[PDB]
Amino acid sequence: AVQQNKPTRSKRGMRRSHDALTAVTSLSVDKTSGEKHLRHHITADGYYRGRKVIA
Amino acid sequence: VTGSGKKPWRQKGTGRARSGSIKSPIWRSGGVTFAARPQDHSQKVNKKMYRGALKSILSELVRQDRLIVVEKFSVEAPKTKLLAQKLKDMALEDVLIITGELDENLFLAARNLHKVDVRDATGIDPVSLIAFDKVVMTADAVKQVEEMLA
Amino acid sequence: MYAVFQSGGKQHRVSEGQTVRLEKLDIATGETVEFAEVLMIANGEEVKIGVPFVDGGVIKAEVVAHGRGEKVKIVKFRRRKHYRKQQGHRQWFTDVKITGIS
Amino acid sequence: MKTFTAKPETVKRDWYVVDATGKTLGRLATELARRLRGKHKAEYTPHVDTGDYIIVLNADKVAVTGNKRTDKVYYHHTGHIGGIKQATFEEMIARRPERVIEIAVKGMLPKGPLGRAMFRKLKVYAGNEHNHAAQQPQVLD
Amino acid sequence: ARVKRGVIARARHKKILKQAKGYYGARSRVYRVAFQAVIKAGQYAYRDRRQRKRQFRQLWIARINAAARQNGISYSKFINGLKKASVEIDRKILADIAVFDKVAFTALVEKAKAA
Amino acid sequence: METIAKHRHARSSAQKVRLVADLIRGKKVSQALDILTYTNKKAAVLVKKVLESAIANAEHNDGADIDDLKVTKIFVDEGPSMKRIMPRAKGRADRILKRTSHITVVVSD
RNA sequence: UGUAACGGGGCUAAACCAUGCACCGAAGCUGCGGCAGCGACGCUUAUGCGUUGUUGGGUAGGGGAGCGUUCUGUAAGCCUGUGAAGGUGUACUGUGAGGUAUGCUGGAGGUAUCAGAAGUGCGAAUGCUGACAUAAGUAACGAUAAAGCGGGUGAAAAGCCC
RNA sequence: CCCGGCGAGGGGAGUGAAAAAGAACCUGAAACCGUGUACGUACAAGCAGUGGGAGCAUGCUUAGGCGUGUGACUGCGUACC
Ligand SMILES: [K+]
Ligand SMILES: [K+]
Ligand SMILES: [Mg+2]
Ligand SMILES: [Mg+2]
Ligand SMILES: [Mg+2]
Ligand SMILES: [Mg+2]
Ligand SMILES: [Mg+2]
Ligand SMILES: [Mg+2]
Ligand SMILES: [Mg+2]
Ligand SMILES: [Mg+2]
Ligand SMILES: [Mg+2]
Ligand SMILES: [Mg+2]
Ligand SMILES: [Mg+2]
Ligand SMILES: [Mg+2]
Ligand SMILES: [Mg+2]
Ligand SMILES: [Mg+2]
Ligand SMILES: [Mg+2]
Ligand SMILES: [Mg+2]
Ligand SMILES: [Mg+2]
Ligand SMILES: [Mg+2]
Ligand SMILES: [Mg+2]
Ligand SMILES: [Mg+2]
Ligand SMILES: [Mg+2]
Ligand SMILES: [Mg+2]
Ligand SMILES: [Mg+2]
Ligand SMILES: [Mg+2]
Ligand SMILES: [Mg+2]
Ligand SMILES: [Mg+2]
Ligand SMILES: [Mg+2]
Ligand SMILES: [Mg+2]
Ligand SMILES: [Mg+2]
Ligand SMILES: [Mg+2]
Ligand SMILES: [Mg+2]
Ligand SMILES: [Mg+2]
Ligand SMILES: [Mg+2]
Ligand SMILES: [Mg+2]
Ligand SMILES: [Mg+2]
Ligand SMILES: [Mg+2]
Ligand SMILES: [Mg+2]
Ligand SMILES: [Mg+2]
Ligand SMILES: [Mg+2]
Ligand SMILES: [Mg+2]
Ligand SMILES: [Mg+2]
Ligand SMILES: [Mg+2]
Ligand SMILES: [Mg+2]
Ligand SMILES: [Mg+2]
Ligand SMILES: [Mg+2]
Ligand SMILES: [Mg+2]
Ligand SMILES: [Mg+2]
Ligand SMILES: [Mg+2]
Ligand SMILES: [Mg+2]
Ligand SMILES: [Mg+2]
Ligand SMILES: [Mg+2]
Ligand SMILES: [Mg+2]
Ligand SMILES: [Mg+2]
Ligand SMILES: [Mg+2]
Ligand SMILES: [Mg+2]
Ligand SMILES: [Mg+2]
Ligand SMILES: [Mg+2]
Ligand SMILES: [Mg+2]
Ligand SMILES: [Mg+2]
Ligand SMILES: [Mg+2]
Ligand SMILES: [Mg+2]
Ligand SMILES: [Mg+2]
Ligand SMILES: [Mg+2]
Ligand SMILES: [Mg+2]
Ligand SMILES: [Mg+2]
Ligand SMILES: [Mg+2]
Ligand SMILES: [Mg+2]
Ligand SMILES: [Mg+2]
Ligand SMILES: [Mg+2]
Ligand SMILES: [Mg+2]
Ligand SMILES: [Mg+2]
Ligand SMILES: [Mg+2]
Ligand SMILES: [Mg+2]
Ligand SMILES: [Mg+2]
Ligand SMILES: [Mg+2]
Ligand SMILES: [Mg+2]
Ligand SMILES: [Mg+2]
Ligand SMILES: [Mg+2]
Ligand SMILES: [Mg+2]
Ligand SMILES: [Mg+2]
Ligand SMILES: [Mg+2]
Ligand SMILES: [Mg+2]
Ligand SMILES: [Mg+2]
Ligand SMILES: [Mg+2]
Ligand SMILES: [Mg+2]
Ligand SMILES: [Mg+2]
Ligand SMILES: [Mg+2]
Ligand SMILES: [Mg+2]
Ligand SMILES: [Mg+2]
Ligand SMILES: [Mg+2]
Ligand SMILES: [Mg+2]
Ligand SMILES: [Mg+2]
Ligand SMILES: [Mg+2]
Ligand SMILES: [Mg+2]
Ligand SMILES: [Mg+2]
Ligand SMILES: [Mg+2]
Ligand SMILES: [Mg+2]
Ligand SMILES: [Mg+2]
Ligand SMILES: [Mg+2]
Ligand SMILES: [Mg+2]
Ligand SMILES: [Mg+2]
Ligand SMILES: [Mg+2]
Ligand SMILES: [Mg+2]
Ligand SMILES: [Mg+2]
Ligand SMILES: [Mg+2]
Ligand SMILES: [Mg+2]
Ligand SMILES: [Mg+2]
Ligand SMILES: [Mg+2]
Ligand SMILES: [Mg+2]
Ligand SMILES: [Mg+2]
Ligand SMILES: [Mg+2]
Ligand SMILES: [Mg+2]
Ligand SMILES: [Mg+2]
Ligand SMILES: [Mg+2]
Ligand SMILES: [Mg+2]
Ligand SMILES: [Mg+2]
Ligand SMILES: [Mg+2]
């Protein structure tokens, strides 16, 4: 328990190096409507692979 | 200072620095270690030293030619306008007009003038003689100051 | 072309033309100095010394400037003995331009 | 007048070969370190690697005096719980004859980045053939 | 006459923090830490004016000792050779000559070989 | 034209919002607006609404054109913290900081 | 805990003995430049020095001389909206505390000189007050009675409504 | 007027000498936290500096070299009270 003497900006930064979260960079486009969405997920309108399967 | 003589916290056990009063000078709001008090600064000056100093400074006005000794010096009526106009003739502006018989006509026409002071021959001062650029002294005032300083 | 000479309790390997800073001399700002203290002269043939100084070698130089150097700070500090001391220093110098390696 | 310092880009590097056959370990190692450090050169600068490349061939045939063939031990710890590993001068040459010169030079070099940089210059070899014939490494004694 | 002291203090801290410019972490940023660094810097600076004159002598000696051994004489015998020929030239320049003008330098080694 | 827009007193700490803002930096506005739609964070919605504002801000007032617009400077600065008492065991209290962030976005071309 | 009784590499001399000569080697001494204290001294003169000798590591502590801060007099003077104080750089400058000049910010005060008086200088006191860090985006989110789905409103619904 | 939820908040417009005087409002220091540039930094051990010092980036001039910024390597060096 408890630090002996405080770490720096440096260390804190070094630790945070791996905290940087990654973007998607992999947006799909629906065949019929041409709307962007996540792979294997439906669209906002309600399309998946060129076919309406939702109200 | 207003406040109590309670200990904010007990001597031991707390991690805080041992305190004994809220009024202590090391604490904010209340303290001042060596507080002032009203005091008479009027320091003592030997009669002979005071006279000797006047005698000294009053002699340098002769060497430096500040001392303009004159006969009767008195304005017509109590009006600054006149006194102002008559100092313009004499090439005077900043002056200490020392007079024997202190006249209302003169004294009441030099209040408003900042560069003109009108002391009585009895009431000359060390700082005043030195301060003013010239000293216009009346023949009677010289005679009184002579006898006063001796 | 180059030649060695002793001036301000120390020696300088100087060439003809180039400016040289050295320790302060008792000379005017734009007068002239002759160093007969020359220790070496080099060329195709080197005139080195088997005695103190050469023989008829004289380095003629012209005084350029009479400045003071960069301020050096001097910190004397005794850990835990309630003692420290501070002192500046700007050492005087004389730039000389060499105009004759005889 | 600021004095000269050898600037890495301008440093001239020479290649050498030394045949250690019958030579004394320390006296070889020393003369190697002197060269690898670049002390022999008149342009020596302590913060620059002025020294030359040396190929030491026939490392295994290096000679040692007295009883040091058996008595001289080379200790090293494994960085483990109780792992202290020793090896005599014979056993050292039986297994790894390059290490003998390496260790003797490495101790005589300075310790630090430049010390490690100037060890890289050294090229020890057990046999007599060396594959640095490209550089025309001249003979040194 | 009460004296506020914020203008002066700030100027005094700001002066030292200007000397600590370049130092790692708190040693540039934080007066309380900088002030130590700036003192030790001065202590070391005072020390190293002494050490500079030592290090360079070594440096020169090692250049001369190298340059003489290329000509076949060790530094120890060379300086005695020069001193016995009453040559007044210093290590600074000898080391400068050793690097630059070797054809010149060689003449000093002969001049020393006489004695 | 640069055309700034900024959410000041944004109820989310800098460190968290600054994590999202590192995704979008020197990226085309169209590409940046997409990312934030599929970044699963509260600060993505908080940062998007500023960018989406900075675009309208840019198009209406000054520059026009959505195609040629890159996020040139995005940065998050630490705003004022709101102090709160959070009482702990054995009588002792802690002063928790509800932190805020100043999110700025600069949409140039 | 590990070679661990040359600092190490490594050495039959790089070991010991004896003799010699070199040489390295300190802030010692010398050289060159600069400052200061003290005694002389030619007797200068009221002290600069042809000098001349010599000091000059320093805690407790004694003695000497200074810088700077706010305030009072000199000042109804002097400087300032053609830019004060303050803030922030830069460049010079004194042995030092410091000082001067000035770019930017600032937007109304400032103050020479020689005197006078002090709430006159901060790094420490588990000092005092405020601000802000760190641990750390970590522990935790308060009973292990439990949720699930459909619809509604809505910028948004695991939690609100039916 | 615009973005947003008729939001907060912001950008314009306008007022003003001034809006980094916009009510969290004169000046706006420091700690602390960022963003952008230059240089260094992923085989190197330790009060993190100081002597020495390559390179790169730089403003200048100029055909001279500097001044800065950085600081690979390297000698020495265990904070203060
Ligand atoms: K401001
Ligand atoms: K060390
Ligand atoms: Mg501790
Ligand atoms: Mg970063
Ligand atoms: Mg992490
Ligand atoms: Mg498809
Ligand atoms: Mg009681
Ligand atoms: Mg504590
Ligand atoms: Mg009070
Ligand atoms: Mg008294
Ligand atoms: Mg100084
Ligand atoms: Mg060493
Ligand atoms: Mg006041
Ligand atoms: Mg003060
Ligand atoms: Mg640096
Ligand atoms: Mg800074
Ligand atoms: Mg030496
Ligand atoms: Mg000699
Ligand atoms: Mg609790
Ligand atoms: Mg409780
Ligand atoms: Mg053992
Ligand atoms: Mg041992
Ligand atoms: Mg034992
Ligand atoms: Mg030894
Ligand atoms: Mg051993
Ligand atoms: Mg032998
Ligand atoms: Mg014995
Ligand atoms: Mg012995
Ligand atoms: Mg002997
Ligand atoms: Mg010495
Ligand atoms: Mg001495
Ligand atoms: Mg002497
Ligand atoms: Mg002397
Ligand atoms: Mg003393
Ligand atoms: Mg003085
Ligand atoms: Mg004074
Ligand atoms: Mg002053
Ligand atoms: Mg006053
Ligand atoms: Mg007043
Ligand atoms: Mg007045
Ligand atoms: Mg005026
Ligand atoms: Mg005026
Ligand atoms: Mg103007
Ligand atoms: Mg003017
Ligand atoms: Mg002006
Ligand atoms: Mg101005
Ligand atoms: Mg102006
Ligand atoms: Mg100004
Ligand atoms: Mg004031
Ligand atoms: Mg000022
Ligand atoms: Mg600025
Ligand atoms: Mg700055
Ligand atoms: Mg000014
Ligand atoms: Mg101006
Ligand atoms: Mg202005
Ligand atoms: Mg006002
Ligand atoms: Mg006013
Ligand atoms: Mg005024
Ligand atoms: Mg002022
Ligand atoms: Mg005054
Ligand atoms: Mg008094
Ligand atoms: Mg006080
Ligand atoms: Mg203190
Ligand atoms: Mg303080
Ligand atoms: Mg507050
Ligand atoms: Mg988190
Ligand atoms: Mg943890
Ligand atoms: Mg955990
Ligand atoms: Mg958890
Ligand atoms: Mg929980
Ligand atoms: Mg729970
Ligand atoms: Mg549940
Ligand atoms: Mg519906
Ligand atoms: Mg809806
Ligand atoms: Mg609604
Ligand atoms: Mg709906
Ligand atoms: Mg609605
Ligand atoms: Mg709606
Ligand atoms: Mg909507
Ligand atoms: Mg929903
Ligand atoms: Mg539901
Ligand atoms: Mg629930
Ligand atoms: Mg229900
Ligand atoms: Mg119901
Ligand atoms: Mg609208
Ligand atoms: Mg709208
Ligand atoms: Mg809307
Ligand atoms: Mg609503
Ligand atoms: Mg509306
Ligand atoms: Mg509206
Ligand atoms: Mg609004
Ligand atoms: Mg506007
Ligand atoms: Mg406007
Ligand atoms: Mg207007
Ligand atoms: Mg303005
Ligand atoms: Mg605004
Ligand atoms: Mg405007
Ligand atoms: Mg402003
Ligand atoms: Mg309001
Ligand atoms: Mg504020
Ligand atoms: Mg504000
Ligand atoms: Mg306020
Ligand atoms: Mg105002
Ligand atoms: Mg303000
Ligand atoms: Mg602010
Ligand atoms: Mg700041
Ligand atoms: Mg780079
Ligand atoms: Mg690099
Ligand atoms: Mg590089
Ligand atoms: Mg690299
Ligand atoms: Mg590397
Ligand atoms: Mg390390
Ligand atoms: Mg080390
Ligand atoms: Mg270092
Ligand atoms: Mg180059
Ligand atoms: Mg280049
Ligand atoms: Mg530099
Ligand atoms: Mg050390
Ligand atoms: Mg050491």
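Here the Cβ positions follow ideal geometry from the backbone for every residue, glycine too, while neighbour counts run over all protein chains shown. Bear in mind that the values in this text are calculations on the coordinates, not laboratory data.
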Simple Cβ-charge dipole of the protein assembly as shown, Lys/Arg +1 and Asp/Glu -1, about Cα centre, in debye nearest 20: 5520 debye
Report the Cα-based extents of the range D:24-141 along its three principal axes, largest first, to the nearest Å. 45, 32, 27
Mind listing P(r) for the range B:28-94? All alpha-carbon pairs, 10 Å bins, whole percents. 13, 23, 20, 20, 13, 10, 2
If contacts are Cα pairs under 8 angstrom and at least 6 residues apart, what is the relative contact order of chain D in percent? 32 percent
Rg and Dmax of the protein assembly as shown, Cα atoms, in Å? 45.5, 134
Per q in 0.15 1/Å, what log10 I(q)/I(0) does a Debye calculation on the alpha-carbon atoms of chain C return? -0.66
Of C:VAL63, B:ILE124, F:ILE74, which is farthest on the positive side of the dipole of the protein assembly as shown, counting Cα position, with +1 on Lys and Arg Cβ, -1 on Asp and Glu Cβ, and the Cα centre as origin? F:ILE74
Relative contact order as a percentage, chain F, C-alpha pairs under 8 Å and 6+ apart, gives 44 percent
log₁₀ of I(q)/I(0) at q = 0.23, 0.32 Å⁻¹ - the range A:1-53, Debye sum with one point per alpha carbon: -0.85, -1.18
What GluC sites (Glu not before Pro) does the range C:1-39 have in DSSP loop regions with at most 12 other beta carbons within 10 Å? C:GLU31
Count of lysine pairs in the range B:54-136 with Cα atoms under 29 Å apart, counting only pairs 8 or more residues apart in sequence or on different chains? 18
Percent breakdown of C-alpha pair distances by 5 Å bin, ordered from the shortest bin, for the range B:1-144: 2, 8, 14, 15, 10, 7, 5, 4, 3, 4, 5, 6, 6, 5, 4, 2, 1, 0
If every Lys and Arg gets +1 and every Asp and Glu gets -1 at its Cβ, then about the Cα centre chain F yields a dipole, in debye to the nearest 20, of 1400 debye
Taking Cα pairs closer than 8 Å and at least 6 residues apart, the relative contact order of the range E:10-79 in percent is 17 percent
Using only DSSP helix segments of four residues or longer, with each worth -39500 (n - 2.57), what per-residue ellipticity at 222 nm results for chain E after dividing by its residue count and rounding to 500? -26000 deg cm²/dmol
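Work out which helices of chain F, taken as complete DSSP H runs, extend at least 20 Å along their axis over the Cα atoms and score a mean Kyte-Doolittle of -0.5 or more, then list them. Show your work: numbers first, answer last.
Values: long enough: F:42-57 (23 Å, 0.77).
Qualifying helices: F:42-57.
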Nearest-0.05 FRET efficiency for B:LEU82 and B:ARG37 at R0 = 56 Å, using Cβ-Cβ distance, is 0.65
Using +1 at the Cβ of each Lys and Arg and -1 at the Cβ of each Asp and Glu in the range E:34-83, identify which of E:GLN36, E:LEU82, E:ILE61 lies farthest towards the dipole's positive end. E:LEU82
Just to be sure I follow the definition: excluding the sites themselves, where is the longest run in chain D that has none of the trypsin sites (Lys or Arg not before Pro) in a DSSP loop with at most 14 other Cβ atoms within 10 Å? D:14-110
Computed about the Cα centre, the charge dipole of the range B:89-149 from +1 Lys/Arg and -1 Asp/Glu charges at the Cβ has a magnitude in debye, to the nearest 20, of 140 debye
Can you list the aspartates and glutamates whose alpha carbon sits under 15 Å from that of E:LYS83, skipping same-chain ones fewer than 8 residues off? E:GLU110
